[PDB]
Colleague: 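Below are the structure tokens for one structure; questions will follow.
Side chains are part of it too, since the values below use all heavy atoms of this structure and drop only hydrogens, waters and symmetry mates. Chain identifiers are assigned alphabetically (A, B, ...) following the order of the sequence lines, protein sequences preceding nucleic acid strands; residue numbering begins at 1 within each chain. Counting starts at 1 for both ligands and their atoms, following the listed order.
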Amino acid sequence: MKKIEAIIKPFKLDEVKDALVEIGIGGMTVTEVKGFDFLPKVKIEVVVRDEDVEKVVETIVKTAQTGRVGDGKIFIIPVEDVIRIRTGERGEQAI
Amino acid sequence: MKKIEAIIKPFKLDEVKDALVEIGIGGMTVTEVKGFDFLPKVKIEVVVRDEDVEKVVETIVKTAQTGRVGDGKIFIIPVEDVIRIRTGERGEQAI
Amino acid sequence: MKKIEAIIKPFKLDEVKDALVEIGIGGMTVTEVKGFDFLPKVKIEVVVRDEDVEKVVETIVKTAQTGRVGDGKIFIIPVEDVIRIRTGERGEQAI
Ligand SMILES: Nc1ncnc2c1ncn2[C@@H]1O[C@H](COP(=O)(O)OP(=O)(O)OP(=O)(O)O)[C@@H](O)[C@H]1O
Ligand SMILES: Nc1ncnc2c1ncn2[C@@H]1O[C@H](COP(=O)(O)OP(=O)(O)OP(=O)(O)O)[C@@H](O)[C@H]1O
Ligand SMILES: Nc1ncnc2c1ncn2[C@@H]1O[C@H](COP(=O)(O)OP(=O)(O)OP(=O)(O)O)[C@@H](O)[C@H]1O
Ligand SMILES: [Cl-]
């Protein structure tokens, strides 16, 4: 499993969220942040199975891209376990 | 060492914080976030020794759980080093 | 590549940002958070090449340190890939 953390322009959030839901993303966490003299940005975090990482990365790139400076970056971070709070399910059963 | 990132319902924050302090957690970072059409959630991050991860996970699950949809998830992420800013202490000496 | 996540006192943000830019940091993401009964803190995230991690850690420690309790902590988290949204560049080409 991997955590995909993407920092994008705020106005791109609904489009990116819609695109991710469309390819099957079940959950996502959004944080208001600032970055680069700081400009507002939106952080999106999604945790997915290893075999789904590339599709998510390409979907975020294609949907959040404007071609202008400041479009943002995506970081792929390893996740060793995932636990669903409601049920105690883990790993594959919790994504 | 591992970072435990948990996304929980906002009203569960004081209970979860109290439960974590009770089992010995020295520090925690809380961020206001939104998730799933987005609903407010609270992100808690705690970095702990490998041998303390399971106790923290079980404590968050038991305290944040309501049995209803939206209870949240917990992600376990590897941390290669930890540094205490005040002293420069690292690793085991900084947790 | 590694993600350096530092939680610091809010008033230290401009100094730390200036110090990081000075040693060559191209980008950084800042989040308003609370921590420890919670006090406001600022989270800074920077993703850098492995050979630049120590310089960044020392720069944050030296600039954010006051010697008083609450100065904060720095976590070093592995990053498996980085993607520049504007161009699709990855890894070394995206930092
Ligand atoms: N190295 C980094 N570490 C942490 N956060 C970063 C880093 N680089 C970028 N970010 C985050 O991504 C946001 C958008 O950055 P940005 O789109 O400018 O990337 P870039 O390297 O400048 O490529 P571009 O030429 O398209 O601007 C930054 O404001 C910051 O929030
Ligand atoms: N895959 C994910 N990636 C990133 N964040 C997630 C992911 N899944 C859940 N979250 C975060 O956890 C929050 C709560 O999710 P939630 O409790 O609905 O998990 P779930 O999979 O729906 O299980 P449940 O059936 O109990 O709802 C979401 O709003 C989001 O902020
Ligand atoms: N173990 C931890 N897990 C997650 N976040 C932490 C942890 N420890 C500290 N933090 C974050 O760092 C912030 C500042 O902590 P702090 O400076 O008090 O570290 P410390 O261990 O108490 O060392 P000091 O004696 O200098 O206070 C905390 O408020 C919290 O936001
Ligand atoms: Cl992380």
Colleague: Decide whether an N or O pair under 3.5 Å exists between B:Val47 and ligand 3.
Modeller: yes
Colleague: Under 3.5 Å, which donor-acceptor pairs do the side chains of residues 9-17 of chain A form with other protein atoms, sequence neighbours left out?
Modeller:
unit_1  : atom_1 : unit_2  : atom_2 : d
A:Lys9  : NZ     : A:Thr66 : OG1    : 3.3
A:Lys9  : NZ     : A:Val69 : O      : 3.2
A:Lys9  : NZ     : A:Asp71 : OD1    : 2.9
A:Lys12 : NZ     : A:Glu15 : OE1    : 3.2
A:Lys12 : NZ     : A:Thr63 : O      : 3.0
A:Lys17 : NZ     : B:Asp37 : OD2    : 2.8

Colleague: Considering B:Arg84, C:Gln65, B:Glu89, which one's heavy-atom position lies nearest to atom 20 (P) of ligand 3?
Modeller: B:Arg84
Colleague: Show every donor-acceptor pair shorter than 3.5 Å between a side-chain atom in residues 22-34 of chain A and any protein atom, with sequence neighbours excluded, or say none if there are none.
Modeller:
none

Colleague: Quick one: are B:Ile85 and C:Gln65 in side-chain contact, heavy atoms under 4.5 Å?
Modeller: yes
Colleague: So if I count the atoms of ligand 1 from 1 in the order they appear, which ones are less than 4.0 Å from some heavy atom of A:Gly35?
Modeller: 29 (O), 31 (O)
Colleague: CD1/B:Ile8 to CD1/B:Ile60 distance, rounded to the nearest 0.5 angstrom?
Modeller: 8.0 Å
Colleague: Evaluating non-hydrogen atoms only, which member of B:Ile95, B:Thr31, C:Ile7 is closest to atom 13 (C) of ligand 3?
Modeller: C:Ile7
Colleague: Rounded to the nearest 0.5 Å, how far apart are NZ of B:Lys2 and CD1 of B:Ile77?
Modeller: 11.0 Å
Colleague: Starting from atom 27 (O) of ligand 3, find the nearest protein heavy-atom neighbour and note its residue, name and distance.
Modeller: C:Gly70 N, 2.6 Å
Colleague: Should C:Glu5 and C:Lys41 count as an ion pair when the cut-off is N to O under 4.0 Å?
Modeller: no
Colleague: Look at atom 25 (O) of ligand 3 and say which protein heavy atom is nearest, naming residue and atom and giving the distance to 0.1 Å.
Modeller: B:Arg86 NE, 3.0 Å
Colleague: Please compare C:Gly67, B:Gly27, C:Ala6 and report which has the shortest non-hydrogen distance to atom 2 (C) of ligand 3.
Modeller: B:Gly27
Colleague: Please list the nearest protein heavy atom to atom 28 (C) of ligand 3 with its residue and the distance rounded to 0.1 Å.
Modeller: C:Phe36 O, 2.9 Å
Colleague: Is the shortest N/O to N/O distance between C:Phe75 and ligand 3 below 3.5 Å?
Modeller: no
Colleague: With side chains defined as the heavy atoms from C-beta onward, is the minimum distance between B:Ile7 and B:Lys43 less than 4.5 Å?
Modeller: yes
Colleague: Counting only heavy atoms closer than 4.0 Å, does ligand 1 sit against the backbone of C:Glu45, its side chain, both, or neither?
Modeller: backbone
Colleague: What distance do B:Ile4 atom CD1 and B:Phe75 atom CZ have between them, rounded to the nearest 0.5 Å?
Modeller: 13.0 Å
Colleague: Identify which of A:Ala64, A:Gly72, A:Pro40 has a heavy atom lying nearest to atom 15 (O) of ligand 1.
Modeller: A:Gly72
Colleague: Under 4.0 Å from any heavy atom of B:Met28, which atoms of ligand 3 are there?
Modeller: 4 (C), 5 (N), 6 (C), 30 (C), 31 (O)
Colleague: For atom 10 (N) of ligand 3, which of B:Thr29, B:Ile44, C:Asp71 has the closest heavy atom?
Modeller: B:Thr29
Colleague: Would you say C:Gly26 touches ligand 1, if touching means a heavy atom closer than 4.0 Å?
Modeller: no
Colleague: So, does C:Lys73 use its side chain to make a donor-acceptor pair with the main chain of B:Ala94 at under 3.5 Å?
Modeller: yes
Colleague: Hey, is C:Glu54 close enough to B:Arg90 for a salt bridge, meaning N to O under 4.0 Å?
Modeller: yes
Colleague: Using a heavy-atom cut-off of under 4.0 Å, does the side chain or the backbone of C:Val69 touch ligand 3, or both, or neither?
Modeller: both
